[PDB]
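Peer 1: below: the sequence, then the experimentally determined structure.
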Amino acid sequence: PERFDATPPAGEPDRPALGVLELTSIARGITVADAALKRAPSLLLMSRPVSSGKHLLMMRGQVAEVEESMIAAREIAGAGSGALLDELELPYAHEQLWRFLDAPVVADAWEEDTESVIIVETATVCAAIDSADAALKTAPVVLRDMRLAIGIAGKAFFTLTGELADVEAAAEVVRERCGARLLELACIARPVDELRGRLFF
Amino acid sequence: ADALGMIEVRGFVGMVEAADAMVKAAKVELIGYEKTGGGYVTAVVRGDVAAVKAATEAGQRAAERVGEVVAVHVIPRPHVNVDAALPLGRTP
Amino acid sequence: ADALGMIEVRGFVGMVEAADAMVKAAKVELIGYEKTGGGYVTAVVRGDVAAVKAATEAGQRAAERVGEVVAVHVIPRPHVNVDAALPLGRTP
Amino acid sequence: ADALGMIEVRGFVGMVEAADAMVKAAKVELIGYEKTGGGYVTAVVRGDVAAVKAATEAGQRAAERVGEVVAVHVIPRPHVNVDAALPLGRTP
Amino acid sequence: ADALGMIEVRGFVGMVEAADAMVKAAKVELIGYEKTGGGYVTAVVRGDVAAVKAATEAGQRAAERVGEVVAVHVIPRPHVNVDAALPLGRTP
Amino acid sequence: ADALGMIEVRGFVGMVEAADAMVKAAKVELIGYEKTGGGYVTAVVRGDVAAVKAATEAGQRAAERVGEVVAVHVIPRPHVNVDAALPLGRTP
Amino acid sequence: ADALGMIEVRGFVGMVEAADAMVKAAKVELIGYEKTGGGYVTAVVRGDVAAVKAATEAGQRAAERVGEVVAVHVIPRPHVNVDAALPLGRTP
Amino acid sequence: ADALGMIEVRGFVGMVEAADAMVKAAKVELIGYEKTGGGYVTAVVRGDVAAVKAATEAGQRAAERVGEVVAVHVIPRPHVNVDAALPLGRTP
Amino acid sequence: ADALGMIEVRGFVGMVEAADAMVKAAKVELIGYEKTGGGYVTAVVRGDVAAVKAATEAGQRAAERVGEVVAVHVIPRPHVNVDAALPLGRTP
């Protein structure tokens, strides 16, 4: 479970890229997985069947290796029956995004320097990870908690915190990078002291 | 550090009007100006993204009345390799 | 040694947006910028060939929106005389 | 001393690509580049006459793919007053 | 004093070809070149009047093949105010 | 092990130009060449996937000028039986 | 003894792609390749009949994309005279 | 090391004529000839770049009078991996 | 040494008829023959220039009755590197 870290150790090669596949079937989920591991040497992070019956693949490697594994993976997935629901290929994922991939991490406390909070939910996992990556890159926000299609039937949400202007810039970039996959966004400009830090409980 | 905002004007006069309207619009800081030659100058303000986002849209409105505006853009958070390589005002 | 990537923009604003999008797209290092006069300014990133090949194609897509892109090109291995003569950030 | 080779490009990117193609094509010495303002930059290689004649015709072919080449010329024996007055990397 | 000859080229390469043909046509003295910005440069030779009259008409013939020639002119007797005020190689 | 790249040319000269452009454009290793008779020769380079993916598409561009390119293909992971059977330069 | 499988391609690159796809598609044994001259090379795999029947029908699909496939055939039992007279891998 | 020149002829007679015209044009060293099968034979000269650029342009002019010339190409600086892998006469 | 003369026939039979006509037409010395694959065979006679100039024009006349003559050529004084490298019968 130490393969989800941002930087590798000194005796390991560097793998900054990321690729997320989301498939309506589980059988060709495994076919897409080992085809992508046949073509290019991508370290596969997970091959996990998540709720609403869909298989979620996450792979990690260098930029060319992840790109080549993803082009093999999408020439296998779209074979007659279009069972590729959504895809994502980040050439460089943000450092605060890596440890929210394996398990659903929830947040229990904030700091006193937390003005505002934004909660984003998308219909897919790929749109959630894409919008979280874009919003972490463009603005000094902190990703607090994130759920990816387990227990909530395919939907995926995440919350960011920070200054109100920063989380509204993140709201703009999330609404641009999702477009039609964003279900509904909420911009809490000042959360209640009975709810700061402890939202889902 | 803070967010970035820019008005590029082909002409010094439109840039001075834009740089006045930006610092009168919202709480920004005119760090200076960049002369890229050929008559193009670029006024650079810094501040949090709501203030520079109001300041640049006031400076574009006040600078098109006096000259030629080339480009208006706001970066909410410049990367640490941009402030440390480009003369934008937060070079350590 | 490391691969070379360049975005030339007629305008400082589009060049700063391109140089920000390149360093946010992949692990590249913005070594600097070149002012050839006449409004043309060139941002230079430098890193391994897949990362700069993604970074420059992100910076072109983010620089056509606000600026005038003159040239986008990636050199996967510049020769040692290029780095020894031209100011590309890896001068020995 | 050695023969002269020049590629003038309106743009830093085409000049760097031309310089890279010249130093990869033959045994030439990229001594620098001249900035005459307005976006014109001139890459100057220097070596014996057949090597620079192959190098400039490789760099012209590789630089028109990435930009607009103004002038290509090879001088087989630059005069000593030319090397003494013009900055061609052989000023005594 | 001595007669004055000039080739102005929009571009460095045509100016180097002109300044080479002027010193290879006759016995002149290439005192240097003036960079008036925007790409316009001017090679300035200076010598006795028949030599510069042959040198400039060889440099004009050789510089039209490679570049954009703006102006060619010979001054047989420049006034002493022109020498003392302009950078023409014979400033006392 | 390392990724694979091949240029098959009906002609030795186009194969030599392809094998020169592949080892100049990126960091690959020309392990040899395979003669299959009838005029077909295959240059085989071998390196990591980004370098060979740039090198084969540079060698295809440089080999269509002088020769007849038959096939260009990149195998990013050649299987261990392929390296143990076919002569690809990494047979244990 | 073991079942036989063959992909003949006019070209070394298509044969290498087919030989990679056969040993990645199923558990077969790539024993070598036969060079009958004139550009034709034949990759020969050898294993039990389901594995070679899947491996050749995947290697034909992968080799038609990159080259020219001449003949594909699977022999479930080659006769002992065929294995003793032809170089097919199991010559005693 | 030295520059490289090749004439490929479908036929031994045209290749001998090209290999004679190359060594009679200038001082080059005919290291030999490569037989890729199918009637294609390639005469390979290897010497300094002016001599091989005159040699191959005489051999192309003299080999098209008697035979079928496939490819003519000059490499002024072949890479050290090209000399180490391909049999070009200067194998270390 | 002596003058070189060649017939190339796509076919052994026409080459033997051409060799017989060459050695009967004048005082030449049939040193051997060269096989470049594809059915191309070159008969090589070697004698002084009038004898081989009569012999090859007799062998071409006798070989066009039975075969497909590709090339006929006479070299009056073959270069010493051509006799040293190419297999012409007088290798020292």
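Peer 2: Thanks, I have it. Numbering: from 1, shown residues only, chains lettered A, B, ... in the order given.

Peer 1: what distance separates the start and the end of stretch B:77-88?
Peer 2: End-to-end distance for stretch B:77-88, by CA to CA, to the nearest Å: 12 Å.

Peer 1: now that stretch: buried residues?
Peer 2: Within stretch B:77-88, the residues scored as buried using 16 or more other CB atoms under 10 Å in any protein chain shown are B:77, B:78, B:79, B:81, B:82, B:83, B:85, B:86, B:88. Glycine gets a C-beta too; all of them are placed from N, C-alpha and C.

Peer 1: next secondary structure after the helix or strand containing residue A:75?
Peer 2: Residue A:75 is part of helix A:63-77, with elements assigned from DSSP states H and E. Reading on from helix A:63-77 to the C-terminus, the next helix or strand found by DSSP H and E is strand A:78-79.

Peer 1: name the strands paired with that following strand and say parallel or antiparallel.
Peer 2: Each strand paired with strand A:78-79, and its direction, by DSSP bridges: strand A:81-82 (antiparallel).

Peer 1: who are the contact partners of residue A:143?
Peer 2: Residues in contact with residue A:143 (CB atoms under 8 Å, 6 or more residues apart in numbering or on different chains) are A:96, A:97, A:100, A:132, A:136, A:158, A:159, A:160.

Peer 1: I misspoke; the intended subject was residue A:173.
Peer 2: Contacts for residue A:173 were tallied using CB under 8 Å, 6+ apart; they are A:131, A:134, A:135, A:138, A:139.

Peer 1: count the neighbours of residue A:119 for me.
Peer 2: Residue A:119 has 17 neighbouring residues, counting by other CB atoms under 10 Å in any protein chain shown.

Peer 1: what's the spacing between the residue lying closest to it once chain neighbours are set aside and chain D?
Peer 2: When the adjacent residues along the chain are set aside, residue A:119 lies closest to residue A:159, with 4.6 Å between them (CB to CB, 6 or more residues apart in numbering or on different chains). As defined by CB to the nearest CB, to the nearest Å, residue A:159 lies at a distance of 43 Å from chain D.

Peer 1: and what of residue A:139?
Peer 2: 31 Å.

Peer 1: burial of that residue, as a residue count?
Peer 2: Neighbours of residue A:139 using other CB under 10 Å come to 23.

Peer 1: in chain B, which spans are strands?
Peer 2: Listed in chain order, the strands of chain B (DSSP state E) span residues B:3-10, B:29-35, B:40-47, B:69-75.

Peer 1: is the second one in proximity to chain C?
Peer 2: Yes. Legend: contact between strand B:29-35 and chain C by CB under 8 Å from any CB of the partner chain is shown at residue B:34.

Peer 1: ok, now which ones touch residue A:17?
Peer 2: For residue A:17, the set of contacting residues under the criterion of CB under 8 Å, 6+ apart consists of A:60, A:61, A:62, A:63, A:65, A:66, A:67, A:89, A:90, A:91, A:92, A:93.

Peer 1: is the closest residue to residue A:78 other than its chain neighbours in a bridge, and if so with what?
Peer 2: Residue nearest to residue A:78 in three dimensions, not counting chain neighbours: residue A:84, with 5.5 Å by CB to CB, 6+ apart. When bridges are assigned using DSSP bridges, the partners listed for residue A:84 are residue A:23.

Peer 1: could you pull up phi and psi at the residue most central in space within chain A?
Peer 2: By CA atoms, centre = their mean, chain A has its centre lying nearest to residue A:129, at 2.5 Å. The phi and psi torsions at residue A:129 (degrees, to the nearest 10) take the values phi -70, psi -40.

Peer 1: most neighbours of all the contacts of residue A:143, which one?
Peer 2: Of all those, the highest neighbour tally under other CB under 10 Å goes to residue A:132, namely 28 neighbours.

Peer 1: helix/strand/coil for that one?
Peer 2: Under the three-state scheme (DSSP: H, G, I helix; E, B strand; the rest coil), residue A:132 adopts helix.

Peer 1: was I right about it contacting residue A:158?
Peer 2: Yes. Using CB atoms under 8 Å, residue A:132 and residue A:158 qualify as a contacting pair, with a distance of 5.2 Å.

Peer 1: and for the two, which residues touch both?
Peer 2: Counting by CB under 8 Å, 6+ apart, the contacts common to residue A:132 and residue A:158 are A:100, A:120, A:143, A:146.

Peer 1: please identify the helix or strand for the second one.
Peer 2: Under the criterion of DSSP H and E, residue A:120 resides in strand A:116-122.

Peer 1: sheet partners, orientation included, of that strand?
Peer 2: strand A:156-162 (antiparallel), strand A:182-188 (antiparallel).

Peer 1: in the helix or strand just after the first one, what counts as buried?
Peer 2: Read it as strand A:156-162. Helices and strands here follow DSSP H and E; after strand A:156-162, the next one along the chain is helix A:164-178. By 16+ other CB under 10 Å, the buried positions in helix A:164-178 come out as A:164-174, A:177-178.
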